[PDB]
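To keep things clear, I will list the structure first and then write my remarks on it.
Virtual Cβ from ideal backbone geometry, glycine too; neighbours counted across all protein chains shown. Every number here is computed from the coordinates shown, using simple stated rules; none is lab data.
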Amino acid sequence: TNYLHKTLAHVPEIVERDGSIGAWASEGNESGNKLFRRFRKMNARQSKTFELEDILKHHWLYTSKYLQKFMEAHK
DNA sequence: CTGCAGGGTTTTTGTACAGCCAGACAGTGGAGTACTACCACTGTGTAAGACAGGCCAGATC
Ligand SMILES: [Ca+2]
């Protein structure tokens, strides 16, 4: 199998070269994609002409540091 | 024992010089900021009307 081959043959090379792996996890996008699941439910327009547009808007809004910083609010 | 009344007794309560400043009253000219109903759009539930086919009556096999 593939990943097995990667991990028994190719781990050391990349770990040597590009600093760190798992650092570049795809985990983030897929894992977070459940946000695209929920946003469609709650804040839809709704009409697919807009459904994207407003979903993307809310998403990026939820994504910037700035509002996350203001969400922490002194721990 | 009881009820009632002069005063006690301490607390509470308002009236009392005396000066100070927060807080409000008018309005001005309209911005403007908050509010309230369109509004474009389809997803979801709904229930009137097709309808068919199953059944009884008419009449038959
Ligand atoms: Ca995936």
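Quick one: is A:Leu56 within 15 Å of the chain's Cα centre (by Cα), part of a helix (DSSP H, G or I), surrounded by fewer than 11 Cβ atoms within 10 Å (Cβ to Cβ) and among the hydrophobic types (A, V, I, L, M, F, W, C)?
For A:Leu56, the condition - within 15 Å of the chain's Cα centre (by Cα), part of a helix (DSSP H, G or I), surrounded by fewer than 11 Cβ atoms within 10 Å (Cβ to Cβ) and among the hydrophobic types (A, V, I, L, M, F, W, C) - is not met.
Tell me yes or no: at least one residue of region A:61-74 is within 16 Å of DNA strand B (Cβ to nearest atom), out of contact with any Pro (no Cβ under 9 Å at 6 or more places or on another chain) and in a helix (DSSP H, G or I).
No, the conditions are met nowhere in region A:61-74.
If you check every pair at least six apart or on different chains, which have Cβ atoms under 8 Å apart with a residue in region A:39-53 that is within 16 Å of A:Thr63 (Cβ to Cβ) first and a residue that is acidic (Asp, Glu) second?
A:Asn43/A:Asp54
Identify the residue in region A:21-46 that is of a type in the set (S, T, N, Q) and surrounded by 10 or more Cβ atoms within 10 Å (Cβ to Cβ) and, among all such residues, is farthest from DNA strand B (Cβ to nearest atom).
A:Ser31
Name the residues in region A:53-75 that are within 16 Å of A:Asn29 (Cα to Cα) and hydroxyl-bearing (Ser, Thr, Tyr), would you?
Residues satisfying the conditions are A:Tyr62, A:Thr63, A:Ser64.
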